[PDB]
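Read the structure below first, then the notes.
Cβ placement follows ideal geometry from the backbone for every residue including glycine, while neighbour counts extend to all protein chains displayed. The numbers here are math on the coordinates, done by the rules we state, and not lab data.
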Amino acid sequence: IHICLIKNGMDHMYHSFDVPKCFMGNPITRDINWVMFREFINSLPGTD
């Protein structure tokens, strides 16, 4: 994924990647919504 982003000119965005605010419980407090992580990964549309 990193090298694909390097080719696509998105190095800065990759190094700016962080835990999404929707996943992260609150910006101030380090809390993780693990349930929604499982929901997202179970809903990940893999190619064949």
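Here is a check on your reading of the model: is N8 over 13 Å from the mean Cα position of the chain (by Cα) and at negative phi?
yes
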Any pair with Cβ under 9 angstrom, 6 or more apart, that starts in the range 31-48 at a residue that is in contact (Cβ under 8 Å) with a residue 60 or more places away in the chain and farther than 22 Å from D18 by Cβ and ends at one that is of a type in the set (D, E, K, R) and surrounded by 10 or more Cβ atoms within 10 Å (Cβ to Cβ) | none
Got a number for residues in the range 6-19 being surrounded by 11 or more Cβ atoms within 10 Å (Cβ to Cβ) and outside any loop (DSSP other than H, G, I, E, B)?
-> 3
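Among the residues of the range 38-48, which ones are exposed (fewer than 10 other Cβ atoms within 10 Å of the Cβ) and either touching a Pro at 6+ places or on another chain (Cβ under 9 Å) or not in a loop (DSSP other than H, G, I, E, B) (or both)? Break it down into steps so the answer makes sense when it comes.
Let us first name the residues in the range 38-48 that are exposed (fewer than 10 other Cβ atoms within 10 Å of the Cβ), namely 41-48.
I41, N42, listed by residue number.
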Across (1) touching a residue at least 12 places away in the same chain (Cβ under 8 Å); (2) under 12 Å from the mean Cα position of the chain (by Cα); (3) surrounded by 10 or more Cβ atoms within 10 Å (Cβ to Cβ), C22 clears everything bar (3)
Looking only at the range 28-37, decide whether some residue is outside any loop (DSSP other than H, G, I, E, B), surrounded by 11 or more Cβ atoms within 10 Å (Cβ to Cβ) and touching a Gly at 6+ places or on another chain (Cβ under 9 Å).
-> yes
Evaluate the following for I3: is it without any contact (Cβ under 8 Å) to a residue 12 or more places away in the chain, assigned to a helix (DSSP H, G or I) and out of contact with any helix residue (DSSP H, G or I) (no Cβ under 9 Å at 6 or more places or on another chain)?
-> yes
